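Each remark here refers to the structure printed beneath this line.
Labels A, B, C, D, E, F, G, H, I and J are assigned to the chains in the order they are written; within every chain, residues are numbered from 1.
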Amino acid sequence: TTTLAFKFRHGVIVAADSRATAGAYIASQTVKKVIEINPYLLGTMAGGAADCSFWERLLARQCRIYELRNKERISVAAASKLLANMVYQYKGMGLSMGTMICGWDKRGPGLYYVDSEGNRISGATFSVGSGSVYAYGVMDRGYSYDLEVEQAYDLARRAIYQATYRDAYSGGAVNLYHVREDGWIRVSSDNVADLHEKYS
Amino acid sequence: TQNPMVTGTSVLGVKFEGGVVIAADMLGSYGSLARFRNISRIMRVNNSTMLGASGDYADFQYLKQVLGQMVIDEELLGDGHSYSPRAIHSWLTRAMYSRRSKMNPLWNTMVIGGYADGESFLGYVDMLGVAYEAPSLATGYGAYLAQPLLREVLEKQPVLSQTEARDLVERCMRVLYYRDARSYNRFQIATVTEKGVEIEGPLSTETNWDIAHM
Amino acid sequence: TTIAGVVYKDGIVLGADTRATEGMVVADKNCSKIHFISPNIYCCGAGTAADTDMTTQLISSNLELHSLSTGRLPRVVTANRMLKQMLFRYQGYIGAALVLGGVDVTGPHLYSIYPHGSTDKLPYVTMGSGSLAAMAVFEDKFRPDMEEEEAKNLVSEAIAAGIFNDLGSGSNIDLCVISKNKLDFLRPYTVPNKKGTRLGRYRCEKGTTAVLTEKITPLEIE
Amino acid sequence: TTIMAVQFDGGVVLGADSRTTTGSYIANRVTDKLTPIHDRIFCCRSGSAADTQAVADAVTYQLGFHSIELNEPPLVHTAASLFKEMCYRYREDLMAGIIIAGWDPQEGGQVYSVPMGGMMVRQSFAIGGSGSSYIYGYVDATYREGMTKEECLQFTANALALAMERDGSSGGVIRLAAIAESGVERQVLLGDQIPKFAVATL
Amino acid sequence: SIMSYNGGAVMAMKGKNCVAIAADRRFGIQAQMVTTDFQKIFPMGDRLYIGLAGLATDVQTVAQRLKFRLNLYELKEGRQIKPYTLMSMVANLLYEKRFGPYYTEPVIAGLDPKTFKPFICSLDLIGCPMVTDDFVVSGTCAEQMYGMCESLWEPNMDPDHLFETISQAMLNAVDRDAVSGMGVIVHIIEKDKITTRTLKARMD
Amino acid sequence: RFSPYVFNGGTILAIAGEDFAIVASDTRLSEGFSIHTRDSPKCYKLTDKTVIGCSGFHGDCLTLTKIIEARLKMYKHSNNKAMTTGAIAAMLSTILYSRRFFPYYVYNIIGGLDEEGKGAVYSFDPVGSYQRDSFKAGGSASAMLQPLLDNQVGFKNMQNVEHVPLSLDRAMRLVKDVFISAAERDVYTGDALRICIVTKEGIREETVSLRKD
Amino acid sequence: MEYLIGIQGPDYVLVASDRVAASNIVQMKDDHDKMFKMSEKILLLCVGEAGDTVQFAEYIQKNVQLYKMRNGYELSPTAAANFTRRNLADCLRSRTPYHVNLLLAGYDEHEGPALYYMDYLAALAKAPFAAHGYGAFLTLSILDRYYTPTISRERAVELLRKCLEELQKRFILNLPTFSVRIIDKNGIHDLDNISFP
Amino acid sequence: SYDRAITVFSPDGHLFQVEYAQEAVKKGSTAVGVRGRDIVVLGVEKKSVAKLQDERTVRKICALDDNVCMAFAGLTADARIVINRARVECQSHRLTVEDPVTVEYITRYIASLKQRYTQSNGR
Amino acid sequence: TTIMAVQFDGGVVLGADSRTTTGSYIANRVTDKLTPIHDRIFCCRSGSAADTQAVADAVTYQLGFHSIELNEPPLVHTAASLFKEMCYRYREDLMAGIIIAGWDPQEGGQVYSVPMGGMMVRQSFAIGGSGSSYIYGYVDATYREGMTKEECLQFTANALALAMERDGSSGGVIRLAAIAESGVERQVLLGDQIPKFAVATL
Amino acid sequence: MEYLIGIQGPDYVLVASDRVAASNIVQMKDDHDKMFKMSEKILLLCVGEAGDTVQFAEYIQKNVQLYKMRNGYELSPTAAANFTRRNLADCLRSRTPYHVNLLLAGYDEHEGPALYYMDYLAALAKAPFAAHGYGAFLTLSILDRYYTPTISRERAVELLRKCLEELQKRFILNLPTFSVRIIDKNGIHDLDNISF
């Protein structure tokens, strides 16, 4: 798999492929790696899809509880900290998990990369999975904070495309998402075959 | 039992018109040694049910006392209810699966046969909790050797008589005595029917050995 | 794999299935697990298929030499000894389990050969995955000095038991009947299982598939 | 398996079961472990069937060549020595235990035991195989100096039956041989012919 | 799986007076692709083709050794090789290395030069010949394309239907495994001509 | 030494439609190279609108279907309504993930009608990752079965063909054909084929023979 | 660890290598030359386990120059590639396997430029661009993005600098300077070494 | 452990223990708190200075965190216990959710604690 | 080690060797492997001496408490069942092979064999230990229904002597116990008292 | 690995750390901060396994701040060092052992500046200078050469820069920028980040 997330002026962009594999067998080419935790923040999957989905759903219920109690929506840093502290208890017990928690808060756009190993790090660019290495090059060469929204969409698409082209365990269809101060939106679900027709 | 110590070999079973019959050799083997040559690996759970087991005989004794106390309590209540063979099959399946999930498995492989409500039951249980019903059953190397004969016979003839089933079982036991090394000539037959469980004494397979002179 | 052999009154009957499996998926549904060693000697193979085929070819070669040098038909003990010496030299690494059968001047002789070089002369033997079921059938219904038809039916029943009770074996039954005077090699002796007819037609019309390049090359003929 | 040999005055007796096993499955229930190395020299075979058959054939080859070039009947000590050098040179590869018996004019009836590791020991009575364990006591008690041919045959049959009932690897029909100046008398005991011993039968 | 290190898939099919043989194009390390123009089908005659899948180095080495032996054969005999003969040669070649084997599973497909009768075969890792009348496969997605061919294939197909069949099979198969794909090439053999076509396939 | 897992074979299929959901499976059960029985359906009825198929270790399959029936009863007792298919799926994901560090080695498929009335198929990993699909295969021959369905039902890699919605008759014929082929070229499947279809009226079960081993 | 990169074009082959020789934590050398010329117009780039690299490269260099002296004409890049592939493939079964990851580059007057790739298993391949090392994972996506078969050499050097600066920003190891040289009809040409202070 | 219902309902529905606790609070030293737009203020009345006491020890104004402060009235000991538990919670809240507490949060914790003591057994 | 018990009319006879080995070293050459669980009940211990002594003492404790509670003499089935429960609960922990023997009024002389794994079976005669292998044949042959006390004692002594001669782990002296209505009479055979079976000679 | 360095002086203690956070072969982050502020006058630098560092550091952080809130005065640096040493040593024999290589720096009004060292085994050692990571092997020699007990903060910064440029030239890993800050009586002071 492969995922992508970066911060720019008009919010946060999240992109991911749609392939799921067991060994060399492509079980699914329509899996939604990005998870809509709630209308105001969302997450991604890499590693154990079961692990990521379960723990992020647990995070979702915790976030709703926090919202109800405090009457203020939880911050991205707090959410990532909850997730990290939860998975850290199960450290060394075989969890394979990697995700990028994305949202807006009082501070601004939020992006945090949590991992089963224990790392929790904010940033302006992140890429997780087998194709992350191929994604980083395109994103790094094409990324600027001063960047039009359509340009951001395009470079996310192209990064995921090249990552799929090179990596065997990623493919299917990009599932692009855009976080704005009001909430996230799904902008496109383009297929890499149509994108190959486009870019070549 | 992480490693079994004293083991019993194959148990057979086949259901006929109006009852079920199972058979087992009276042997407990301590690693290629026929140490105990007179043991019943067949149990009488209740009037409508009988049980036969392979594998670790001690685990089988444990199941014997447990299940005996269970049916005893069911009798004590005097409520007009008795455990069905399929109910015992389910209970046993859960027990073996639980012991497996704790990684403390009961190494036995069981065959439950019973007759109740005018219906004949025959079920299998493995140490891992695998369970199923079939018209015929075999455990151990019996699964490879005897079950072909039973399956061919049952496929050509879906329903059998008591005498035909008994002859078939004795034939399969002869085959096992020939081609299995953890086997013994002495074996018990247990049959369940409308009358109830009737376990026969030690029987012989009556080998020929005419092949040797060639 | 299920191979089996039996001695009837005036010869030998060999039988085998035709299912060749790479792992747990079928690769060949009509394999020939019956090989030619000599006109009067035949063999069936199980285990490592390449080892069985190449060993049988080698011994067939050496026996061709021996036979046409001597001017008389080859014997079965010769093949058995060649095979066991070879297999012992390789110490079981070549995984050729064979049942070997032939008729010669002394009479019908049937051998079962194991990968480590062991042998056993028997009236009936079975090898492979369905060997136990076939042994069951033989221990039940074998009698000495059977007629040819009875022996063929017995071997068919045995191979069928191995088929319908073992996952590895299937798809057909092959027979070979060697005697003093004839050899009847019956490749589709029986068809117990067949593929069911396809209810739906899925034939794709022209242009169903896209193409990005095409290059036609004519072949000169004369 | 169980193999057994006994020396009587003027010959020997060989006995062995007919079972060879691969795991818990009996590949052959009528195998003949008694093998003629020569007209008056026999070999019983324990361990790897392949190893024993191979070394038996090679010893037969060498001993036939030696006997024919000498123009005199071979010796049991000679055959045992051949087996010894083979099994000792290849003690690492071969898992084989042998017991050799025959008759020759110079020494008469002889029994030699070649266990695993390639040592050679002449013995009055010698047992081998997985089942010899269970009958060491029976032979220690029952043996007596000066037994005859029929007496030794019955002794061997009883011993082999006792081993066969207890040992899973041993079983089948008992094959017997008696070797002397006259020649070889082979017989096979099956079913009721085999001696029977009463179970506890509580 | 040493075979899965490079991946790859090769397939052959039979028809009426025609054979088809197809193979993917990807050359890649266990997850990283390198090139989409890899040659896994090599021509061993005018109308006889061999197709190799497995470890790519062994693919190349086997093809070279086979061309060596084959050219010597064609020069000494003065005729083109028969497919059964090539099968036997390949089996001998692979069994020569039975310990330390070439990690490739060949597929041969062609017409007999005299009668133009279709022939297809496959060989195991160590040279187990397997002649069939319908189709043969080798590769990582073998399990997929077996069922795909079992369904689509029909007897005595003409070249058009044969092409559409083998194309649909290869595409729908390699789309479903990771380490194979990146296009697919289809050689069609018949008495008069040879036709080679590349297919539009998902490059993911 | 002791292995708590063994592959009992089994193959399962699920297809969805506008007003129907088809679930089908083989009936063979086999440990190792030996058949245990030829009549063991992998497809169980959870409720009027739902059918579940399970493939893999039969003990885990049994415990799982037991737990699901129990929790369906519990849900009904508590909330005074029957569970929907998505709810069954989510509960099953939680169940499977509960024992993550000693998993059920079972591949499951849910097949049912949703509240809207459409067909639904949810496909699970052994560890509880669940994804809605229009069609899915599971078990030993899933790799064999999925390509043909992707070609026919999904119309993938097919050029200029009508994207017709699937119909009941075509679906039934298709599943019969694919299981025929999988029986032809897979050892673990082949005893028989039970087709448990769910529709608005209820669940109908049909059976068709396959080639015995 | 070591990084190689190759870019084919219409009329030239561009190759680059890191100049780092490292045994362990320490970096021993900063001007290591991983490029061996087998003839006037073909280069061999070799990386992998220590010693195997130079041994194999010098062996191939010897054989190629020997071919030249014996026959009067240099080998083609394709022939050199298949030759080194054969020698490498023969050895992996042998007791002396050469664990080396290679990248060959040459220009033929007839067949034009060429770039070949072979891993330690000796699987050959002709590619328009190729790379070795862990850095290849980062830089290959750059080339797949910005590469065209009609690329001019100035644009190729630009693309190279993009790949290398991405390595500097994003790759854990320290690869400060890179050797560069171009192959064309005229011959091998050394260029200014790309450095990042 | 000691489990008994110290706090229970009375006829006419009053928790007498809680009423008595509020009575004890009324006995305590007076305190006053007022809010301003940019400043917030607390004041407490010393019962007796006593001219020997160290004022620092007997301070009834305490700081739960950098951005929070509280005063109390009633039992100084119970106040101290509650203060320490509030302090550990505000620090653990910083730890867990990476931001400083709000007064609503901390007073919610304190009220929950006091309620738990009104309902739990043996307290 | 080697232990042995046999049931005669009106009682039982127990026999055991007197050697405990740590590897190839005999720590105790005169150990008493016959432990009285009660006045009329005895135990013969094989396997880990520590495990056997522990379970023996615990069963003695439980059984004495049960007996004094009931005010009736305990039953051998009861003692064996206690041993069985312990050895089955802790079958993974301890390696112990037991053969319990005693007399009770209602059932008379009884012999139970609790081998490793925690199973229990009544037996007319039963043997255990490393040496029991070497005498299975002798006991299967020479056992007779209705033997006397003296006959069973001589039988047990002969068997233990054979096992002691052949097995290295068993040796020393033979301890014998005969249990009946009257009580227990223990005797120890040393030196010439052991039955001697002639070793073969050439 | 991650690089830390400490340089004690007469009236100050200087600390530096690399700013990179890494994945298998990729620099995920270039502005990571490995310095934790337990109080106004002490710092904690932690490196090691992922997650253990943050969890342990923030536990010590909240414990120290809790001491302050409860007692009205901040802990001494030696006291905080022994406290974290206890918390770490208690755990190495437990089921959940942290694997953290620490470097602690603080100023006390009475005792003066202090720099403490402890490895993943919780062995505490006060030192005038110290370092962690594979780079310490390279840089400690430079400190042993060019360090004196009496050293101005300007010369200390220059010495630090020497060490870091040695790393840049001679160390395989890419540590392009280093965070720097200094502790004294006035408080913690962040300085210009050294970069290349």
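In this text, contacts are C-beta pairs under 8 Å (C-beta built on N, C-alpha and C of every residue); 3 or more make two chains touch, one makes a residue touch a chain.
Protein identities per chain, from UniProt: A = Proteasome subunit beta type-5; B = Proteasome subunit beta type-4; C = Proteasome subunit beta type-7; D, I = Proteasome subunit beta type-6; E = Proteasome subunit beta type-3; F = Proteasome subunit beta type-1; G, J = Proteasome subunit beta type-2.
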Least hop count linking subunit B to subunit G through chains in contact: 3
Distance-to-centre winner among chains (Cα means, whole assembly as reference): F
Busiest interface, counted in C-beta pairs: C-E
Subunit E and subunit G, separation of their C-alpha mean positions in angstrom: 32
Interchain centroid distance [CA atoms averaged], subunit B/subunit C, Å: 37
Centroid distance [mean C-alpha coordinates] between subunit I and subunit E, Å: 73
Between subunit C and subunit F, centroid-to-centroid distance (C-alpha), Å: 39
Residues within subunit E bordering two or more other chains: 32, 141, 143, 146, 151-152, 168, 171, 175-176
Touching two or more other chains - residues of subunit F: 34, 143-144, 157-158, 177, 184-186
Of all residues in subunit B, the ones touching two or more other chains: 2, 33, 35, 141, 144, 178-179, 211, 214
Complete list of chain pairs which touch one another: A-E, A-F, A-G, A-H, A-J, B-C, B-D, B-F, B-I, C-D, C-E, C-F, D-I, E-F, E-G, G-J, H-J
Of all residues in subunit E, those that touch subunit F in their complex: 141, 143-148, 150-152, 168-169, 171-173, 175-176, 201
Complex interface listing, subunit D residues touching subunit B: 18-19, 21, 24-26, 29-30, 130, 134, 165-169, 171-173, 175, 188, 190-191, 199-202
Touching residues (chain side subunit D, partner subunit C) in the complex: 20, 25, 27-28, 30-31, 48-50, 53-54, 57, 93
Of all residues in subunit E, those that touch subunit A in their complex: 4, 7, 28, 31-33, 140-141, 175-179, 202-204
Complex contact set, residues of subunit J against subunit A: 21, 23, 25-26, 28-29, 32, 49-52, 54-55, 96
